[PDB]
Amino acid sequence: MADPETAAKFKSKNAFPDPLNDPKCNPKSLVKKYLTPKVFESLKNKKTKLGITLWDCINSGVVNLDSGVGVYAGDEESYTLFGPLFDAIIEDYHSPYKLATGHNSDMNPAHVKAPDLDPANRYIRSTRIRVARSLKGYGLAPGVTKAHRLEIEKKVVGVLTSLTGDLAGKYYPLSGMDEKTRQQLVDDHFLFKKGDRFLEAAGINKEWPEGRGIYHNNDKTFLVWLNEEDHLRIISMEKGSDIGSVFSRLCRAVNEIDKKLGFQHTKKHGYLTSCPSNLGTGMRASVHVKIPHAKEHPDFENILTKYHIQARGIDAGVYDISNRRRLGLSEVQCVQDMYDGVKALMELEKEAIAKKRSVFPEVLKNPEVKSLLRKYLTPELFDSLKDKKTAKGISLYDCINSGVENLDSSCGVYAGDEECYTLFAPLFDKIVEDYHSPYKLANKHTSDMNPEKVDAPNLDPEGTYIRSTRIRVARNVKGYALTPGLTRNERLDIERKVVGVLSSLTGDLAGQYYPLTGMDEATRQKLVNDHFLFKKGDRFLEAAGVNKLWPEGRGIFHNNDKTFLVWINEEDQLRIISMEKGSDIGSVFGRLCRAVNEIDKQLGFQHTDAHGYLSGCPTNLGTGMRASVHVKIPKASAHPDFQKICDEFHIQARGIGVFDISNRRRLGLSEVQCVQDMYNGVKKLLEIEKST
């Protein structure tokens, strides 16, 4: 509801803005509240050295009557010259701050004591810190000249492009930006466009888009908007909870710019901004956190009040926590209040969950729940294990959570790390030996990725019966938790290490990596069509803690021949797939071993004598293998020796007359033995399909 036509009538006469007395005007409007006829008369003929008038400052609030604030400062002098208006607006908006009290700035990140709150990402989803700043020697955004805006861009870009380490990146000016770059910044949510009706009426859109630009570091955890609403809008942000690191990164960039260029800053106002709402710290610090139980707690609102923070919607139970204050507290204090506030809120969520988890899951008492979880989790077993935690902080309840939340689970138990299989052995042993029957853990498991130990002459080089051959192995990188118990930095380290290895793959294994984070739709559809794409895990994986921080750290690798595929950090940290059209099981497995053995040599896999290769899902232990053969068999299908064969070789057929022959077992036999069995069995199914 912008009416610049009406406002211009009064502005060109330098007369009092009668629209402020329109009943349509926001009752809460600070310009309406404090621009009285006497204030107008007293200041209407005054100008700053940059020629800024009272009408220039109040115009947006007159054009846009729904304005909450409704004034912008054209320059520093505006804050003093039109003081009778600005002081009143500032001390209202920033109550209880008084200009007489003075403001204290502090951008030393060492003053902040913020041990990482939630590395495991159990509650906090993301952290963000923004500051607004303006350079010394120029007007503010509504008043800055055409040449000065350009000079500001030149000076800022000079500093930003000299940034090293995690702050290193690239500047993208808006002027002359091409279509592809524009689109990329849109996908990253880094792009800004021409100012809205509030900025327009403030004169901020002058010379658009000249002098405007966007800078971001390579990690995309640092962003600068140049010459938008203020000279600088500087943002440090990332997934997870590490606000101390976020703030430190922010300070290192801001202090350098300060060092080289200098900011507009006063004792009374702190850092000067176009909108008086952004004075003082110029800061908006925020955290996304899931605290559905904290909201109902009687101390919830007292915590927010105590730390001068606020909680709003953004995802169920997820709140955007942010600061309320900018004047009267330093930037360090804002961050510290934020840390302490979020910490207090999280602890409330933790208490409620702990209490709920202190007792046997009542829902497991329904005798119609037929999960292996229900079968083996006796109340006695529960009480005996409920108070133990792995070195990585995994509880029994973390392990059984998915089977509790999803009662229709077949199994319902996941391991958060290797230690779970031992620390919670009384549960896991029973589940492993049930699902992987007849395997016993005392038997132990033998891995074997030597493809030469497989004797597999090509069964059908024609292509008559066997349409395709596929062999997958699930693996997890040694030195880390399992998927459900991964911290943010572990997952990122795994992606980095794995991609590093995969990029060095030469020959027929050479390919490229496609991360899910920042994937454009074209690349996506390309992958979908090759059946290479995976998506967020279902409710079972969600409840197990697998989907944390999706899609960060997830990605896809394939070779140029479309015969080798790697999924990174999906259900397991590594899903490695070898595949060919035709029947050459031997070739497929040989390619698989070459890739897996090399990754093994460089990184190492999680593995035990008793469980073979470790996975967060107990069903994927041992070989962690699925060997698959798309075949056409009705003759042998109907043959009375079908059973004897499919049972002698531990294989199984399902239809998708195309059938899917896959292996039954994963523990108690090596990868070599599993492949040989598949060959030996599919062979016999062909030595009937072929007969006459």
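Just count from 1 along the sequence shown to find any residue number.
Compared with other entries of the same protein, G655 falls outside the group left without coordinates by a third of them; all model it where both flanks are modelled. In terms of unmodelled positions of the deposited sequence, the chain runs continuously from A110 to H111 in this entry.
The PDB entry reports B-factors from which the mean C-alpha value can be compared for 607 to 615 and 583 to 591; the larger average falls on 583 to 591. Here the stretch with the larger average CA B-factor, out of 410 to 418 and 162 to 170, is 162 to 170. As recorded in the entry, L364 carries the highest CA temperature factor of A425, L364, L279, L549.
Looking only at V404, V144, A510, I321, the residue with the top Cα B factor in the deposited structure is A510. When the CA B factors of the chain's modelled residues are split into thirds, the value for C57 lands in the lowest one. Looking at the C-alpha B-factors along this chain, the one for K295 belongs to the highest third. Sort the modelled residues of the chain by CA B factor and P96 lands in the middle third. In this PDB entry, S241 carries a Cα temperature factor that places it within the lowest third of its chain's modelled residues. Among the modelled residues of the chain, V631 sits in the highest third by CA temperature factor in this PDB entry.
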